[PDB]
Amino acid sequence: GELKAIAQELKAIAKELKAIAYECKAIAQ
Amino acid sequence: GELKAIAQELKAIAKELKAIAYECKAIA
Amino acid sequence: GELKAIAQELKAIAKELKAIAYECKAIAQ
Amino acid sequence: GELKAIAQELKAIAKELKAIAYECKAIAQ
Amino acid sequence: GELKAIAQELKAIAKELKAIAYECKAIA
Amino acid sequence: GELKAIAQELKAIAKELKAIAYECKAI
């Protein structure tokens with residue numbers, strides 16, 4: 001239902017932020 | 001209802017973050 | 001009510017991230 | 001109540017993203 | 001309960017974004 | 001349940017943002 005849909009969109013948000021954090025780390029060294 | 005509106009806005013947020021992740025990588 | 005207020009704040013969050021994405025893309029090219 | 005507390009924290013999040021978007025714009029000029 | 005837990009994580013998120021905004025301003 | 005799942009994804013989001021904040025400062 002709708003609460004699961006919210007949780008799934010939040011999981012997608014976490015995945016994009018993890019990619020951004022990865023690239024941050026890479027830039028730093 | 002409003003729970004669907006919340007999920008739709010979160011989907012929009014995820015798409016914008018995906019774009020940001022791409023561009024940041026391209027700029028770098 | 002309160003669920004509508006939450007959706008409205010998420011809409012504001014989405015708009016600010018769209019502004020950031022736009023600038024990122026402008027800078028990139 | 002807790003739903004109002006959630007909305008308030010989302011308002012704080014939008015404000016910080018607005019600041020970040022501002023700096024992006026400043027960087028672009 | 002879980003609604004309080006959600007509000008607390010959102011507070012932590014706002015705090016990290018405040019740090020990012022600060023660092024943004026400083027790096028620039 | 002589903003509210004716990006939401007809280008857990010939000011915790012993960014806070015973690016990734018803390019990492020971004022940390023690496024930024026280094027840069």
Side-chain angles (χ1 to χ4, degrees), chain A residues 3-28, chain B residues 3-28, chain C residues 6-29, chain D residues 6-7 9-28, chain E residues 6 9-25 27-28, chain F residues 5-25 27:
Chain A
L3 293 179
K4 180 178 181 181
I6 290 167
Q8 287 177 324
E9 297 304 339
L10 288 167
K11 182 181 71 184
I13 289 165
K15 178 176 179 67
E16 300 303 336
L17 286 169
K18 180 173 179 178
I20 289 163
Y22 172 79
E23 181 59 34
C24 284
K25 185 170 190 183
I27 293 165
Chain B
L3 291 180
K4 182 54 180 175
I6 290 166
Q8 288 176 325
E9 295 302 338
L10 287 168
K11 182 178 289 178
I13 288 165
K15 178 177 179 180
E16 298 305 339
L17 285 167
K18 180 171 181 178
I20 291 165
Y22 173 75
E23 296 304 336
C24 198
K25 184 170 191 183
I27 291 163
Chain C
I6 288 166
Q8 288 178 326
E9 293 302 338
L10 287 164
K11 182 177 184 178
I13 288 165
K15 178 178 179 180
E16 299 305 336
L17 285 168
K18 181 171 181 73
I20 292 164
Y22 177 92
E23 294 303 333
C24 294
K25 187 167 194 181
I27 294 165
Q29 80 188 19
Chain D
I6 287 166
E9 294 304 339
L10 286 166
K11 182 176 184 177
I13 289 167
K15 177 179 66 197
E16 300 304 336
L17 286 169
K18 182 173 181 177
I20 294 165
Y22 166 69
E23 291 305 335
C24 297
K25 291 176 192 172
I27 288 166
Chain E
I6 289 165
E9 295 300 336
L10 290 167
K11 182 179 288 298
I13 287 164
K15 179 177 179 68
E16 298 303 336
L17 286 167
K18 183 172 181 178
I20 291 162
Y22 168 84
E23 298 166 353
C24 281
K25 185 172 73 181
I27 293 164
Chain F
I6 291 166
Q8 285 306 117
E9 295 302 335
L10 287 169
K11 180 178 289 299
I13 287 165
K15 176 180 68 204
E16 299 305 338
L17 287 169
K18 185 172 184 74
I20 290 164
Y22 180 76
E23 295 302 333
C24 273
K25 187 170 193 184
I27 294 158

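A note on names: the letters A, B, ... follow the listed sequences, proteins ahead of strands, and every chain is numbered from 1. Values below: every heavy atom of this structure, side chains too, minus hydrogens, waters and symmetry copies.
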- Item | By side chain to side chain contact (heavy atoms under 4.5 Å, CB included) - contacts of A/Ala5 (at least two apart) | B/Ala7
- Message: Return the CD to CD1 distance between C/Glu23 and D/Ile20, rounded to the nearest 0.5 Å.
- Response: 13.5 Å
- Message: Measuring from atom CD1 of C/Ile13 to atom CG of D/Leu10, what distance do you get when rounded to the nearest 0.5 angstrom?
- Response: 4.5 Å
- List the steps, then state whether side chain to side chain contact (heavy atoms under 4.5 Å, CB included) holds for F/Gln8 with F/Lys11. CA-CA 5 Å; F/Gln8 285 306 117; F/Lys11 180 178 289 299; 4.1 Å; yes
- Report the residues that fulfil side chain to side chain donor-acceptor pair (under 3.5 Å) with B/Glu9, sequence neighbours left out, ordered by chain and then residue number. none
- Going from CG on D/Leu17 to CG on C/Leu17, what distance comes out if it is rounded to the nearest 0.5 angstrom? 5.0 Å
- Query: Got a sec, which residues hit side chain to side chain contact (heavy atoms under 4.5 Å, CB included) with B/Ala12, two or more places apart in sequence or on another chain?
  - Reply: C/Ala14
- Which value, rounded to the nearest 0.5 Å, describes the distance between F/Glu16 atom CD and A/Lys15 atom NZ? 10.5 Å
- Item | Interatomic spacing from SG in C/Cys24 to CD1 in B/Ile27 - rounded to 0.5 Å | 5.0 Å
